[PDB]
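Consider the single chain below, provided in structure tokens and representing the form deposited in one PDB entry.
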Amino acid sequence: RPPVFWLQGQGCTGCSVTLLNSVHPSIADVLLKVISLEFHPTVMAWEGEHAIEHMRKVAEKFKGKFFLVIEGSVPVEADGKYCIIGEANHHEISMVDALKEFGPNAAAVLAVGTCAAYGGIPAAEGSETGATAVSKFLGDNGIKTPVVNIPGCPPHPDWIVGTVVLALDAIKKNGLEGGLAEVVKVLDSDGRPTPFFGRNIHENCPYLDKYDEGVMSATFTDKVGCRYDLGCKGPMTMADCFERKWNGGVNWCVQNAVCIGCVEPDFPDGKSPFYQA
């Protein structure tokens, strides 16, 4: 099982929580049979300078062989002060500091959530933290480590679990940088895996007929019509939520109310207002 570090920055802990809802494999199977989770501030036993030290050890042990998960965006302003993650050897660690230390020496970097991938909400209109997406941060610091974006706010568990597998299986088949090249190949222009984000919501919506008829809902609770007038953003969103649906399949966003296109790079500003056409 390859070693995984899970580093939160300007996240809402949403990425982690949606992953705990992965049904098959349940999160327990993921943790015990798929990956070795070596650092995750929210679930792990040890703490503090001890918890960091164990990571630098494993990081130095498996140089080029650990997988680095980033939840939340990277706030560069104020010298990184807007997001401190730890303290070790009496020096405090920004997310900037951490992404520098570990980014270079990773097999790959998984930016999870729309915050990490594209910057999202802490980077939105009204923010003064310089919140930066992972992929942009790394290039702007010379690091060439491969980055895979698994966006969402939050992402569906399957989009994550899904992405881990299809990369380990790309690595089993072809070795490491061989699998990583295969992994980079199945990405659209926004660093997203096309297995999950390769189809549009609208083009596959079941209310598309109501769209073409021009029958729209006037109240949300009216499940008969198309939701465009209420503010659905299916027309410009790329995701397979129409198929797999959410929380074991018990509902999803268009059926329940509207789609806000949470998987897209411009979310939230480009997709707001959420509730007008």
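C-alpha atoms forming the largest set that superposes within 1.5 Å between two forms make up the rigid core. In case it trips you up, residue 1 is the first one in the sequence shown, and so on.
Higher mean CA B-factor, judged across 165-173 and 79-87 from the recorded values: 165-173.
Annotation for 59-67 versus 208-216: the higher mean temperature factor (C-alpha) is found in 208-216. Take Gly191, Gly72, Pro154, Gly126 and read off each C-alpha B-factor from the entry; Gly191 has the highest. Among all modelled residues in this chain, the alpha-carbon of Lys233 has a temperature factor (C-alpha) in the lowest third. Per the deposited record, the Cα B-factor of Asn256 falls in the lowest third when ranked against the other modelled residues of its chain.
Split the chain's modelled residues into thirds by C-alpha temperature factor. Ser26 is in the highest one. When the modelled residues of the chain are ordered by C-alpha B-factor, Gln10 sits in the lowest third. In this PDB entry, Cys241 carries a Cα temperature factor that places it within the middle third of its chain's modelled residues.
The following text describes the form deposited in another entry, which does not appear among the structures shown.
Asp29 is the only residue from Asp29, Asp229, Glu243, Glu49 whose Cα shifts by 2 Å or more between this form and the one not shown, the rigid core being superposed. A change of 3 Å or more separates the two forms for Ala257 and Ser26: their C-alpha atoms lie farther apart in the other entry.
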